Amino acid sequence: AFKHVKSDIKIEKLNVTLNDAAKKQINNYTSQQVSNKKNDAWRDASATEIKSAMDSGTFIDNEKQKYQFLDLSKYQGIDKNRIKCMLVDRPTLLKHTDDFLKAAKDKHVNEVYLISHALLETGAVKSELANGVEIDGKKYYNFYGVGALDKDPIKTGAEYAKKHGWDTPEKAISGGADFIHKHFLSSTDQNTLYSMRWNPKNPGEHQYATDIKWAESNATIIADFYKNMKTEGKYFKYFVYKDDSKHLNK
């Protein structure tokens, strides 16, 4: 059955209106893009679209879009049997459920986000990184496509694994999680898809994507996974602009 979870929400109230945040956004970055109607056709995002994409006010109140605020650096403790639901069509990952969860706990990564990286990264040809690739005798594994260049995934992914001593699937799963934390969660101000994307606390500093819908799409995906498991997230950090009445106090 559906399992409700006691939410732990932090409300980051920003000392700027959404309007002023958009104004800072257009003046601090370049090449903000958005998809066309028929996808795989990027174009320039207008200011109105940028501002809409920045609207934490609409996202907070949305069932799926609130996941733009899920805290990706926090291990939740989701029942491992529920997690196996995400790994139905992925035997090799399914079997490592326990390893993914221990790595999520030890390296500080939300388990759904961690597995979604493994799921969406061992697909098609890349699955061979998860099964192991041989090299000069030993063998090496890569569960998140770390360092796997799109031109030559296996050689690069495997050589990266080799370079990092990932000679066991457990070492790759653990090491790979430490990589995800170090790379995507290295800043305390960018532990959510929303803050990763707009860096509202450090105007002008690194944003993780130029596609204005990057957080939206990735939140839909995480939300769907939780829904597929019949449960929900626990830790969230909402970003709220100073002109958002409906949430500035709450």
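Start at 1 and count along the sequence shown; that's the residue number.
Peer 1: Tell me which stretch, 87 to 95 or 112 to 120, has the higher mean Cα B-factor listed in the entry.
Peer 2: The recorded data point to 87 to 95.
Peer 1: Comparing 78 to 86 with 122 to 130, which stretch shows the greater average C-alpha B-factor in the deposited entry?
Peer 2: Going by the record's values, the stretch with the higher mean is 122 to 130.
Peer 1: Among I173, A104, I180, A148, which carries the highest Cα B-factor?
Peer 2: Highest C-alpha B-factor among the listed residues goes to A148.
Peer 1: If you rank every modelled residue in this chain by C-alpha B factor, which third holds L72: lowest, middle or highest?
Peer 2: Lowest third - that is where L72 ends up once the chain's C-alpha B-factors are sorted.
Peer 1: Ordered by C-alpha B-factor within the chain, which third holds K201? Give me lowest, middle or highest, please.
Peer 2: Its C-alpha B-factor, which the entry lists for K201, ranks in the lowest third among residues of this chain.
Peer 1: Pull the Cα B-factor of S35 out of the PDB entry and bin it into the chain's lowest, middle or highest third.
Peer 2: Ranked within chain, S35 CA B lands in the highest tercile.
Peer 1: Lowest, middle or highest third: which one holds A209 when the chain's residues are ordered by CA B-factor from the entry?
Peer 2: According to the entry, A209 has a C-alpha B-factor in the chain's lowest third.
Peer 1: Considering every modelled residue of the chain and its Cα B-factor in the PDB entry, is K66 in the lowest, middle or highest third?
Peer 2: It falls in the middle third of the chain.
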